[PDB]
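Shown here is one chain on its own, the form deposited in one PDB entry, set out as structure tokens.
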């Protein structure tokens, strides 16, 4: 047992809202199993989503966020988190802003991962092509033969 004021309920609900929120923004195929939740928690998810949408239309923020280097993203996360709350104040807007920042690190890490995956997979593909297909492709007179094949 334990009401909304218990540390357990706070961590539990906190996990749900944050995951709901990050998954939501990271969807904008291969999608994610949405986070099942109650009526009040949906109402909260809904509102977080709106605040996040409004943050996305803040061009200053998006500029600086894209500007920052996420080679060591954990360092960045903790440095920003600490700086945000260092003046000893707390309010709901900063908590929301923190959640927003977390979702942006996800996207940012994802962005650096994409060209890595591509290069790796291209490596396999071009290795296969060179050792198995090159002979046949030369027989066509190179990729100019694919032009003919498409009609162009």
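Take the two forms, superpose them, and find the largest set of C-alpha atoms that agree within 1.5 Å; that set is the rigid core. Numbering follows the first chain given and starts at 1.
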query: Other entries lacking residue 29, at least a third; finding: yes
query: Count class of deposited residues lacking coordinates, residue 28 to residue 29; finding: 4 to 9
query: Selected stretch [higher average CA B-factor]: 50-58 or 118-126; finding: 50-58
query: Comparing 12-20 with 132-140, the one whose average Cα B-factor in the PDB entry is higher; finding: 12-20
query: Options 109, 67, 84, 97 - largest CA temperature factor per the record; finding: 67
query: Ranked against its chain, the third holding the CA B-factor of residue 152; finding: highest
query: Ranked against its chain, the third holding the CA B-factor of residue 93; finding: lowest
query: Chain thirds of CA B-factor: placement of residue 105; finding: middle
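FYI, the form deposited in another entry isn't displayed, but the following is about it.
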query	finding
Core-superposed comparison between this form and the one not shown, residue 89 Cα displacement 2 Å or beyond	no
Core-aligned C-alpha movement of residue 140 between this form and the one not shown, 2 Å or more	yes
Exceeds or equals 2 Å, Cα of residue 105 between this form and the one not shown, core fit	no
Cα distance between residue 71 and residue 105, which in the other form differs by 3 Å or more from this form, closer or farther	closer
